[PDB]
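In: this one is an experimental structure. Sequence first:
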Amino acid sequence: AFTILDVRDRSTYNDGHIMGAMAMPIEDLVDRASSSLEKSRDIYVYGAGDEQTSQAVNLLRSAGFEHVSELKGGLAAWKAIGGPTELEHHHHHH
Ligand SMILES: [Mn+2]
Ligand SMILES: [Mn+2]
Ligand SMILES: [Mn+2]
């Protein structure tokens with residue numbers, strides 16, 4: 001149906017992301033999406049805040065993706081409606 005892209009820092013993605021969302025940080029977004037997804041695919045993106053989200057949507061649309069929409073409120077808005085999330089294995093040297 002549609003693909004979900006998390007454009008936040010990969011470190012952030014690891015701490016929790018929308019279940020099934022793909023990790024595609026802003027800096028590598030156009031490259032990865034261009035090589036992994038067809039431009040006719042319905043894409044839904046969320047980042048850390050409205051600003052970063054908008055930036056990502058504009059980058060994808062300018063790259064030729066025909067259907068790119070924003071998930072308003074991002075991860076917080078998603079958890080607010082009881083949506084599923086996943087955390088990734090990683091460690092901290094802190
Ligand atoms: Mn962490
Ligand atoms: Mn490890
Ligand atoms: Mn290590």
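Out: Sure, I can see it. Numbering: from 1, shown residues only. Ligands and ions are numbered 1, 2, ... in the order given.

In: next one: the residue most central in space within the chain from residue 18, what distance?
Out: Nearest to the geometric centre of the chain sits residue 6, at 1.8 Å (Cα atoms, centre = their mean). Distance check for residue 6 against residue 18: by Cβ to Cβ, to the nearest Å, it reads 7 Å. Any C-beta I mention is one placed from the backbone N, CA and C, and that applies to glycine too.

In: okay, and the common contacts of the two?
Out: Between them, residue 6 and residue 18 have 46, 75 as joint contacts when contacts are counted by Cβ atoms under 8 Å, 6 or more residues apart in numbering.

In: re the thing from before, so the residue nearest to the centre of the chain makes contact with residue 46?
Out: Yes. Between residue 6 and residue 46 a contact is recorded at 6.3 Å, counting by Cβ atoms under 8 Å.

In: mind listing the shared neighbours of those two?
Out: 18, 21, 75.

In: which of those residues fall in helices?
Out: In this view, these that belong to helices under DSSP state H are residue 75.

In: sort out which of the shared contacts of residue 6 and residue 46 are buried, if you could.
Out: In terms of neighbour count (16 or more other Cβ atoms under 10 Å), the buried residues within those are 18, 21, 75.

In: now the residues you listed in JSON lines, with distance to residue 51?
Out: As requested, these are arranged in JSON lines below (distance: Cβ to Cβ, whole Å):
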{"residue": "18", "distance to residue 51": "19"}
{"residue": "21", "distance to residue 51": "19"}
{"residue": "75", "distance to residue 51": "15"}
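
In: skipping adjacent residues, who's closest to residue 69 in space?
Out: Spatially, and ignoring its direct neighbours in sequence, residue 69 is nearest to residue 44 (5.5 Å; Cβ to Cβ, 6 or more residues apart in numbering).

In: let me know the helix or strand that the one you found is in.
Out: Secondary structure assignment for residue 44, by DSSP states H and E: strand 43-46.

In: wait, residue 44 sits on residue 7?
Out: No. The criterion here is Cβ under 8 Å, and residue 44 misses it with residue 7 at 11.1 Å.

In: ok, these two, which is more surrounded?
Out: When neighbours are counted by other Cβ atoms under 10 Å, residue 44 and residue 7 differ, and residue 7 comes out ahead with 28 against 17.
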